[PDB]
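Trainee: Take a look at this one; I'll ask things after.
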Amino acid sequence: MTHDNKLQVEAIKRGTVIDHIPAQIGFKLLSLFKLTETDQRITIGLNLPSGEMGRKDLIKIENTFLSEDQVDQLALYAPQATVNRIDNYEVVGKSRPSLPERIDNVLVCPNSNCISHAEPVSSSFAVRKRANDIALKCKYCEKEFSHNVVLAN
Amino acid sequence: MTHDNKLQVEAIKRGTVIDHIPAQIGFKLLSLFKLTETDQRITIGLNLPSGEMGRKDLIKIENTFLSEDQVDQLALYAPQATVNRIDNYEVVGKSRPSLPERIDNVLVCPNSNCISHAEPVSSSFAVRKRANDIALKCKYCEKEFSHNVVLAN
Amino acid sequence: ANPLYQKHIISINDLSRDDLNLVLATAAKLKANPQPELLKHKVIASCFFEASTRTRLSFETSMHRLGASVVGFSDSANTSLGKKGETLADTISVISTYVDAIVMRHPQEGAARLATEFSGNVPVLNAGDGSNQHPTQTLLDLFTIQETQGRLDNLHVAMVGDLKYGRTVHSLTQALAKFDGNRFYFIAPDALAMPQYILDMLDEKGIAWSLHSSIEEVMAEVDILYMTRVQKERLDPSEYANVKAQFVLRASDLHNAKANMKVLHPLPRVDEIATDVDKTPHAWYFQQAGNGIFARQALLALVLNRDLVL
Amino acid sequence: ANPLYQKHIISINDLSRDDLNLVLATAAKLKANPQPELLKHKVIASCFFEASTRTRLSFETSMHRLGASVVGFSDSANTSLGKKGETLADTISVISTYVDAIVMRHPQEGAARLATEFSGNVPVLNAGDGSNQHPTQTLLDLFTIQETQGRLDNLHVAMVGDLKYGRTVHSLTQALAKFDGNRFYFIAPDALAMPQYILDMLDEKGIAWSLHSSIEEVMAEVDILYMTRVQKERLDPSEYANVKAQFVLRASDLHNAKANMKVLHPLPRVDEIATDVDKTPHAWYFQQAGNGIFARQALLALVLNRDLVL
Amino acid sequence: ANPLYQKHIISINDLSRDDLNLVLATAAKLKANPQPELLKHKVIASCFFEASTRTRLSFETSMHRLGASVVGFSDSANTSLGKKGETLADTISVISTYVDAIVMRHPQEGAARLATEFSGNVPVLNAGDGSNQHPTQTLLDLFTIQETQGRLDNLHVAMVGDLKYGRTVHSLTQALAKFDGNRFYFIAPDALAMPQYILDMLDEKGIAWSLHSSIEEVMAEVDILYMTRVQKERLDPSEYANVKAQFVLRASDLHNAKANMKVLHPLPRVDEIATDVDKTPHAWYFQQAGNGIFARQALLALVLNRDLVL
Ligand SMILES: [Zn+2]
Ligand SMILES: [Zn+2]
């Protein structure tokens, strides 16, 4: 017993699908971790009730397996969303994000006085899970902010 | 009344049905008209099979009959391209926009010294049938700029 | 109500041959039979967000010769738009409820247009749309070209100097281009050549125009040598090379010029025209500047007067 | 090779209790038996991109007393990183090829960290990280505290100045939390409170800490009253309210204080401690400043000398 | 007494091939059998009337590696040539009664030459004669070229920055031109071209040289790519157009080039070289800097030591 959901999707023979993505996060993930330089079939389902009965976002992608490190980097945007690896309509191994030990090269120290705001340096933050929140700490500025205040691209 | 044999977007409530074409434009065409907020379905699929003449992508519009004023905000990225917005059920009520001179509140005058930069205005230009190209002219600054120079939103 | 009653004067591009001629018309007799009370109970706003000697003084003077009052500012520095960071839209929005007309010069393009979208029912005369149009200055040129040439059609008009930022040439080309059989000679540095849209408007109408790298090329066939100053204030860093006037006119340079010729130049000049040229019969830049009173007096009269002055 | 040979000293958060105790141990020894030619053929760079008096002179006297040579700048204004607008990364890449170690102070957080990524295997001693860390200032503090108190654990330490922009308390607090049974008392304006990542560090370690709106209270049982000046230069306009010291120490204030108690203070002061407290026995900010030579003489000897100094 | 003892080092144009090789020869030895006590009882003066990071720091650093003390000033602003209006000649005439050697960088051209007319018997080392020569820099460049190229003759050198005010190329070019069969490739904007006197020299010496409008035109034949910084601070207002680096070197632009090539750059840079080049094997502009220690340490030894530092 493999594929049997009474909902419409567009399976990708040999590809990567990331489901259960919170509203306004699907677009965010395809507009952040840049999932567009791909002359390969990507299907963008936004605000769809495919997984469960809530408003989710689905990113079907052909042969673009994001390593266990590029998936963890999603745990900061859609910690619930699972990510399914599929082998020719014949699915394989599933998974669901794990808070990175760090998030280098993507975010930005919100610190106006931080040094990485003036020199050729790749941004970096040790990821720390806390109570009702995640704490990001520059390797440079050394201060620490809430993932909701750290903007990035 | 569609006639299809191979992989293309589905029917919705008052479904559209025609040969759309983003040349890897689809994504930006979402982050240029804000088509990610409406928490209603989203017909998105980049990189799809073409009629053997330059690849293309489709995106109809459900639960929305895009005014015959925004639809013309497409004809400046493809003078001979496509159709959209159709009636209630699965039948066709198509349209094929031309080269509308009025472009308001969407593009910015590239003129470092064009009031439309420091004041609460609403840009507006004039589309021309220029020599091998197309140039626009700010309603305040009156300077002409090719639609290629006004790619900065 | 005349063709220009209560109308905005923002661009020569928005006026017809009839309009201009009408102004000139009015200027004719207003210069002959003055009317010191024509605009007796009017109070006009003189808003100059940019520097200016001629355009503001001839403009305001005009207003008094017609018995009208004046209120304004010659330096946006002490205004609310200045020290309290107030928007222009708001500025014009308040000012439009005090005066009967608004005469504004701004360093930015489209300023005059913008203002027309906030001053309601209040005529907005553009005195200086930063590097763009300058309607009123074009009227002085015409009233002057006609005064010295007898006509405004079939003329060899040369425009030398900065033509890219020269707001004055933008309006005069578009103006003279509304008349029949005119020929243009755009002499200027490549980096500041006559904008394309003006060149295209000329082809669209089929007007003859050529380029030249010197004056002695066209000196023998030109009727009006329209000299101009290089728009430093507006130049872009990568253009500071063209800061100094590249073309210079000396009394000696007019040795083989037509008799019916005149040398024009809106006035801030800086060695584009050696001082020795004032002594020549061809010098007409100061006498043209004086016609500013008449041209501007006429425009005023035309815009605040439903009746058609006589 | 000792634990600290060739290592960088960027954050107190990157050293261990042992690393710390090793500095103090060394500092002691050198204070007893000096070694005039220890770093004989070593040449060190003193890079200060922000004002400084003690930190740079205490540091620079420490090199001369170990026979080292000094080169550098006290003002980034006469450098190519000032007049010729060049990056810091580059500035550090070249210097690192002339000297044996780089002592740098910068007005921007994480600037010392950055230098490590470019100073090739050349130790970078963070003088003072913009409002962030200040490892060398904490050593004086420890060496001084243990001196006066005789220990580093089981202390009632109170911190009074600006705790948010106080790079001196940031370090010293992380360091004292590396010793057992230490109790902190944080006094300061709500706006410049002790940064959260610090408080969170205390709870993880289960260290005791409380807040108080006045010195007078904890005065009774504090061994170390560590006051600080208001980092006016790092403040934000929206915080200029705190620009003046909100807590002031006067001799009279030390009426019911313990005997072994001392008043410390990275020293640039400004009225937080009345000048009438200098006469008192509890005064120790100046003496605390002097240990500067020891602490820093110890750090230099452990980072540039493979063997343990005696 | 070796060929350069107590001699002034003001202009490459004033030195002979033998002299240069002599420095390079000495530089070599000094990293084989170093002498940390060569100039033990000598005091040198570092007088920088201009900003600097490379030159001044490597220059003093070398002085210490030779056991000599240092006295000077990094900013003429706190001297009396600054606050009390005193001539540069009177400044020299006195410093020359204090130190054993004067090292000066000066904003104006010929200030070094001038100071030799006053510092009786005290060697004047020109560390940066306002946009004219920069002798010491060259000595690195040669020592660097010959380190990576193996030879100083028969080479395809290309100099790409502002060559008009590039005091660094004035010297390297006149230098290399003392060696047999060197080919030059001058890449730069018309306004900032290689000065005539350097071109005229090359001809009367029969040296091959050509201009080019891009780097990738000669990329495949050059052994040395000498990128240089725009001398923004020395430009004339009428050139504020060349302020931006017109030529940029990027990692991509780099591999259809010879193997033995290296990218040399006097050191301050601003986008003339993307930071992504650093990573490539051709990048050498930092190791070129460190070579500053040896070349200069060499020149100091020769001028202040009678016996050829054997
Ligand atoms: Zn940071
Ligand atoms: Zn515009």
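In the structure tokens, each chain is lettered A, B, ... as it comes, each chain's residues begin at 1, and ligands are numbered from 1 in order of appearance.
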Within 12 Å of residue 135 of chain E, counting only C-alpha atoms, which residues qualify if same-chain residues fewer than 3 places away don't, as an MDAnalysis selection string?
Mentor: chainID E and resid 8:15 20 23 55 103:105 112 124:129 131:132 138:142 167:175 292 295:296 299
Trainee: What residues in segment 83-258 of chain E get the DSSP label alpha helix (DSSP H)? Please answer as a ChimeraX atom specification.
Mentor: /E:88-95,111-116,135-148,167-176,196-204
Trainee: Counting only C-alpha atoms, which residue out of D:65, D:29, D:164, D:17 sits closest to chain A?
Mentor: D:164
Trainee: For the interface of chain E with chain D (cut-off 8 Å, counting only C-alpha atoms), please tabulate each contacting residue of chain E alongside its nearest pair of atoms and their separation in Å to one decimal, rows sorted by chain and increasing number, as CSV.
Mentor:
residue,atom,partner,partner_atom,distance
E:36,CA,D:41,CA,7.4
E:50,CA,D:78,CA,7.2
E:51,CA,D:78,CA,4.5
E:52,CA,D:79,CA,4.7
E:53,CA,D:79,CA,5.1
E:54,CA,D:94,CA,7.1
E:57,CA,D:72,CA,6.5
E:58,CA,D:98,CA,6.0
E:60,CA,D:71,CA,6.9
E:61,CA,D:71,CA,6.5
E:64,CA,D:69,CA,6.5
E:65,CA,D:41,CA,7.5
E:74,CA,D:78,CA,6.7
E:75,CA,D:78,CA,6.3
E:233,CA,D:84,CA,7.8
E:268,CA,D:86,CA,6.4
E:269,CA,D:86,CA,6.3
E:270,CA,D:86,CA,6.5
E:286,CA,D:94,CA,5.9
E:287,CA,D:97,CA,7.6
E:289,CA,D:94,CA,6.1
E:290,CA,D:97,CA,4.7
E:293,CA,D:98,CA,6.5
Trainee: Residues at most 10 Å from ligand 1, using only C-alpha atoms and all ligand atoms? Could they come as a PyMOL selection string?
Mentor: (chain A and resi 108-117+123-125+136-145) or (chain D and resi 108-111)
Trainee: For chain A, work out the contacting residues on chain E at 12 Å, counting only C-alpha atoms, and write them as a VMD selection string.
Mentor: chain E and resid 271 274 to 276
Trainee: For chain B against chain A, which residues fall within 7 Å using only C-alpha atoms, given as a VMD selection string?
Mentor: chain B and resid 36 to 37 39 to 48
Trainee: What does the file look like for those residues with N, CA, C and O atoms, as an mmCIF file, in the first residue's frame?
Mentor:
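New file part.cif:
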data_model
loop_
_atom_site.group_PDB
_atom_site.id
_atom_site.type_symbol
_atom_site.label_atom_id
_atom_site.label_comp_id
_atom_site.auth_asym_id
_atom_site.auth_seq_id
_atom_site.Cartn_x
_atom_site.Cartn_y
_atom_site.Cartn_z
ATOM 1 N N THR B 36 0.718 35.483 -3.515
ATOM 2 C CA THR B 36 1.151 34.476 -2.556
ATOM 3 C C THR B 36 0.402 34.692 -1.246
ATOM 4 O O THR B 36 0.332 33.798 -0.404
ATOM 5 N N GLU B 37 -0.166 35.884 -1.095
ATOM 6 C CA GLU B 37 -0.912 36.253 0.100
ATOM 7 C C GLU B 37 -2.305 35.639 0.098
ATOM 8 O O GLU B 37 -2.718 35.050 1.093
ATOM 9 N N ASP B 39 -4.659 33.451 0.551
ATOM 10 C CA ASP B 39 -4.621 32.076 1.061
ATOM 11 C C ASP B 39 -5.565 31.099 0.363
ATOM 12 O O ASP B 39 -6.070 30.166 0.991
ATOM 13 N N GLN B 40 -5.813 31.323 -0.926
ATOM 14 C CA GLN B 40 -6.654 30.437 -1.725
ATOM 15 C C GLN B 40 -5.678 29.708 -2.642
ATOM 16 O O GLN B 40 -4.546 30.157 -2.819
ATOM 17 N N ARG B 41 -6.117 28.600 -3.233
ATOM 18 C CA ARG B 41 -5.278 27.798 -4.122
ATOM 19 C C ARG B 41 -4.310 28.597 -4.984
ATOM 20 O O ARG B 41 -4.480 29.798 -5.179
ATOM 21 N N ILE B 42 -3.296 27.918 -5.512
ATOM 22 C CA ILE B 42 -2.302 28.573 -6.356
ATOM 23 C C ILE B 42 -1.826 27.678 -7.511
ATOM 24 O O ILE B 42 -1.061 26.736 -7.299
ATOM 25 N N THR B 43 -2.279 27.984 -8.724
ATOM 26 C CA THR B 43 -1.915 27.223 -9.924
ATOM 27 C C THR B 43 -0.467 27.488 -10.371
ATOM 28 O O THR B 43 -0.234 28.196 -11.355
ATOM 29 N N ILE B 44 0.509 26.911 -9.675
ATOM 30 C CA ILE B 44 1.900 27.160 -10.054
ATOM 31 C C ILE B 44 2.740 25.957 -10.466
ATOM 32 O O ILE B 44 2.877 24.991 -9.720
ATOM 33 N N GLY B 45 3.337 26.053 -11.648
ATOM 34 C CA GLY B 45 4.189 24.989 -12.143
ATOM 35 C C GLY B 45 5.176 25.518 -13.162
ATOM 36 O O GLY B 45 4.806 25.754 -14.309
ATOM 37 N N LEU B 46 6.427 25.713 -12.748
ATOM 38 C CA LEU B 46 7.463 26.221 -13.649
ATOM 39 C C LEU B 46 8.082 25.094 -14.479
ATOM 40 O O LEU B 46 8.054 23.936 -14.063
ATOM 41 N N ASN B 47 8.644 25.436 -15.639
ATOM 42 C CA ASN B 47 9.258 24.450 -16.536
ATOM 43 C C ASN B 47 8.291 23.370 -17.012
ATOM 44 O O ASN B 47 8.180 22.307 -16.406
ATOM 45 N N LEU B 48 7.589 23.633 -18.105
ATOM 46 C CA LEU B 48 6.651 22.649 -18.628
ATOM 47 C C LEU B 48 6.843 22.510 -20.132
ATOM 48 O O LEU B 48 7.429 23.384 -20.779
#
Trainee: Which residues are near residue 261 of chain E? Cut-off 9 Å, only C-alpha atoms, ignore same chain within fewer than 6 positions. Put them as number ranges by chain.
Mentor: E: 148-149, 222-225, 281-283
Trainee: I want to know what sits within 6 Å of residue 72 of chain B, based on only C-alpha atoms, with residues of the same chain fewer than 3 positions away left out; could you give that as a PDB file with C-alpha atoms, in the first residue's frame?
Mentor:
ATOM      1  CA  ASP B  69      -6.576  46.451 -16.536  1.00  0.00           C
ATOM      2  CA  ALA B  75       1.756  42.450 -22.437  1.00  0.00           C
ATOM      3  CA  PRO B  97      -4.039  41.655 -24.522  1.00  0.00           C
TER       4      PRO B  97
END
Trainee: Just checking: using only C-alpha atoms and all ligand atoms, which residue out of B:107, B:134, B:35, B:152 ends up closest to ligand 2?
Mentor: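 Nearest to ligand 2: B:107.
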Trainee: Once DSSP has gone over the backbone, tell me which residues of chain A are in strand (DSSP E or B), as an MDAnalysis selection string.
Mentor: chainID A and resid 15:22 42:48 56:61 83:87 90:92 102 107 125:130 133:138 144:146 152
Trainee: Would you compute the distance between atom CA of residue 95 of chain A and atom CA of residue 66 of chain A? Give it in Å to one decimal.
Mentor: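 Computing it gives 11.6 Å between the two atoms.
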Trainee: Can you pull out the residues contacting residue 35 of chain C? Cut-off 12 Å, using only C-alpha atoms, and skip same-chain residues under 2 positions away; I want them as a PyMOL selection string.
Mentor: chain C and resi 26-27+29-33+37-40+62-68+294+297-298+301+309-310
Trainee: Next, the residues of the selection above should be written as a PDB file, in the first residue's frame with C-alpha atoms.
Mentor:
ATOM      1  CA  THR C  26      -1.429  89.184 -25.982  1.00  0.00           C
ATOM      2  CA  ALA C  27       2.200  90.122 -25.327  1.00  0.00           C
ATOM      3  CA  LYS C  29      -0.562  94.819 -27.174  1.00  0.00           C
ATOM      4  CA  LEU C  30       0.136  94.357 -23.464  1.00  0.00           C
ATOM      5  CA  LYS C  31       3.525  95.758 -24.386  1.00  0.00           C
ATOM      6  CA  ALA C  32       1.725  98.518 -26.303  1.00  0.00           C
ATOM      7  CA  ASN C  33      -1.346  99.359 -24.199  1.00  0.00           C
ATOM      8  CA  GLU C  37      -4.950  97.080 -12.892  1.00  0.00           C
ATOM      9  CA  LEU C  38      -5.707  94.069 -15.060  1.00  0.00           C
ATOM     10  CA  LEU C  39      -5.140  91.680 -12.124  1.00  0.00           C
ATOM     11  CA  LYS C  40      -6.005  94.080  -9.303  1.00  0.00           C
ATOM     12  CA  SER C  62       5.296  91.187 -14.362  1.00  0.00           C
ATOM     13  CA  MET C  63       2.764  90.509 -11.625  1.00  0.00           C
ATOM     14  CA  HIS C  64       3.042  94.056 -10.273  1.00  0.00           C
ATOM     15  CA  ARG C  65       2.779  95.739 -13.655  1.00  0.00           C
ATOM     16  CA  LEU C  66      -0.602  94.079 -13.705  1.00  0.00           C
ATOM     17  CA  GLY C  67      -1.297  95.413 -10.232  1.00  0.00           C
ATOM     18  CA  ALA C  68      -1.224  91.958  -8.587  1.00  0.00           C
ATOM     19  CA  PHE C 294       5.953  91.113 -21.619  1.00  0.00           C
ATOM     20  CA  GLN C 297       2.852  89.471 -18.141  1.00  0.00           C
ATOM     21  CA  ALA C 298       0.815  88.030 -21.032  1.00  0.00           C
ATOM     22  CA  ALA C 301      -3.080  87.855 -17.938  1.00  0.00           C
ATOM     23  CA  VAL C 309      -7.647  91.194 -22.901  1.00  0.00           C
ATOM     24  CA  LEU C 310      -7.642  93.944 -25.496  1.00  0.00           C
TER      25      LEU C 310
END
Trainee: Show me, as an mmCIF file with N, CA, C and O atoms, in the first residue's frame, the residues that have an atom within 6 Å of residue 14 of chain A when counting only C-alpha atoms, minus same-chain residues fewer than 4 positions from it.
Mentor:
data_model
loop_
_atom_site.group_PDB
_atom_site.id
_atom_site.type_symbol
_atom_site.label_atom_id
_atom_site.label_comp_id
_atom_site.auth_asym_id
_atom_site.auth_seq_id
_atom_site.Cartn_x
_atom_site.Cartn_y
_atom_site.Cartn_z
ATOM 1 N N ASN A 63 14.287 15.559 -9.081
ATOM 2 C CA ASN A 63 15.693 15.243 -8.824
ATOM 3 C C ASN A 63 16.498 16.377 -8.193
ATOM 4 O O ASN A 63 17.566 16.728 -8.684
ATOM 5 N N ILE A 86 11.557 10.609 -3.397
ATOM 6 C CA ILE A 86 10.850 9.616 -4.205
ATOM 7 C C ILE A 86 11.658 9.025 -5.361
ATOM 8 O O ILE A 86 12.344 9.753 -6.079
ATOM 9 N N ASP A 87 11.553 7.705 -5.537
ATOM 10 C CA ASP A 87 12.261 6.976 -6.597
ATOM 11 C C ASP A 87 11.339 6.502 -7.721
ATOM 12 O O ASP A 87 10.841 5.378 -7.675
ATOM 13 N N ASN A 88 11.116 7.342 -8.728
ATOM 14 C CA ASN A 88 10.266 6.962 -9.855
ATOM 15 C C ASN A 88 8.879 6.561 -9.375
ATOM 16 O O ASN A 88 8.542 5.378 -9.336
#
Trainee: Between atom CA of residue 146 of chain E and atom CA of residue 48 of chain E, what is the distance, to one decimal in Å?
Mentor: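 Going from atom CA of residue 146 of chain E over to atom CA of residue 48 of chain E covers 29.1 Å.
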